[PDB]
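All of the numbers you see were taken from the coordinates with simple rules; none came from a lab. Using ideal geometry, Cβ is built from the backbone for each residue, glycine included, and neighbour counts are taken over all protein chains shown.
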Amino acid sequence: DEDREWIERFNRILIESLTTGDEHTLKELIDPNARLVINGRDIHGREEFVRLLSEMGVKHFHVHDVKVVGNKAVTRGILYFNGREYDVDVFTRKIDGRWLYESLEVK
């Protein structure tokens, strides 16, 4: 699906931007009020979102599937880091022809 391919394209930009600390692109990629969900707790703000995801050292972000609903999407995928696989849900919204990251939950 075109929707899955676009999420994958933005995922590649996201992981590279996190790896290199490209703050300008991260600010364009991630909603300022983004939420990171770790062990069921919502952690609020793009600052902590970036800090904690950068700390993880994500080596690859694989998309399992994508469901688009209007201007929003929920993606199930796998983050690879610490030599382990972590299931994640990723929520995005459409903005000016881009996907913006709104929340990510590590299962």
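Quick look at the numbers
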quantity: Residues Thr25, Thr20, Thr92 arranged by fewest to most Cβ contacts within 10 Å; calculated: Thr20, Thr25, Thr92
quantity: Mean Cα-pair separation over length for the chain, i.e. relative contact order, pairs under 8 Å, 6 or more apart, %; calculated: 25
quantity: Residue exposure sequence - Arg12, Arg41, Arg76 - by fewest surrounding Cβ within 10 Å; calculated: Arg41, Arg12, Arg76
quantity: Percent antiparallel among DSSP beta bridges (both partners in the chain, rounded to 5); calculated: 85
quantity: Residues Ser54, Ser17 arranged by fewest to most Cβ contacts within 10 Å; calculated: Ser54, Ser17
quantity: Chain lengthening between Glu2 and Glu23 when straightened (0.36 nm per residue, less Cα-Cα); calculated: 4.8 nm
quantity: Prolate/oblate/rounded call for the chain, Cα gyration tensor, a/c under 1.5 rounded; calculated: rounded
